[PDB]
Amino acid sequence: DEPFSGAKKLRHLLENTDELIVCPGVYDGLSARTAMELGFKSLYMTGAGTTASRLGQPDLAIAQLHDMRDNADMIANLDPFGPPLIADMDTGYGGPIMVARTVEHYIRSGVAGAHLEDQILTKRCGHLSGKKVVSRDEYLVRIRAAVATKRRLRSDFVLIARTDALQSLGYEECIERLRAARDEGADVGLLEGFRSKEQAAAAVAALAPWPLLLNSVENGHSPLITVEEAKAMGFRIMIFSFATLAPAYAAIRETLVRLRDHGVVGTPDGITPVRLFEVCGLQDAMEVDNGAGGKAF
């Protein structure tokens, strides 16, 4: 009920319901505000989207802690009483010291949970080839550092252990890494980049009743699994990493082509500056001014 309680809210959804928690992947203020406008119960901050939008760069370990925390801090708190934010935390941005710092900063920024992976520090989008992972022991050092931090901070922060090991090491290796991560205290597992739907269902069964998160990558190299299919498979969380970045690009490109070729933008006329401001908290802002005895609005 309290402000900044996203971790508690997400934890309650996980531990106190059997619902499949659907998290659209957002990457900036506009995408996040739109997901909130539509009543999603939880949001996901994509690292790839954060890098594309905040830095104009590809998902190649270019965004680091500062950029990622800044974006997550902004998104998670647009509404102090709003939906929990699960944020990508990549590899933790360094060794255990940085992993711990990252978890600490996300927690203090009101982030509800985060996924932490076993990629080498010079990482890459999980759907790109040539993707290498660290040893099981080195991965567990990351998991332990993160878990110790959330415990030290007496936080309900939901730590998701992600493994990118499928591409290079295979299925069994992923399952063992996730089991190990579970024992070290991770709350949810994420096997990245399933190659088949049968494999997705099998991973859920292999780790049950420990909850799994399914990462849907729009137009990527994994099977198209629907929300209803995921729920039936037994997933507890499903994130849609490119749910907003992709259509934003498609629309921006087609609009700018129209502008280039025809000299007009041609955006549907209901999308006015004021509507965009309304989506982005205009009413709240005007109420602050009015409530304070201001007469600006």
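From 1 onward, residues are counted along the sequence shown.
Remark: stretch with higher mean C-alpha B factor among 40-48 and 232-240 is 232-240. A summary of the deposited B-factors shows that, of 276-284 and 17-25, the stretch with the larger mean C-alpha value is 17-25. Take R136, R162, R151, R182 and read off each C-alpha B-factor from the entry; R136 has the highest. Of all the options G126, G113, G95, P209, the entry's greatest CA B-factor is assigned to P209. Among all modelled residues in its chain, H105 ranks in the lowest third by Cα B-factor. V257: CA B factor in the middle third of modelled residues in this chain (values from the PDB entry). Ranked by Cα temperature factor within the chain, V227 sits in the highest third according to the deposited record. Per the deposited record, the Cα B-factor of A201 falls in the highest third when ranked against the other modelled residues of its chain.
Per the PDB record, residue ranking by Cα B-factor puts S155 in the middle third of the chain.
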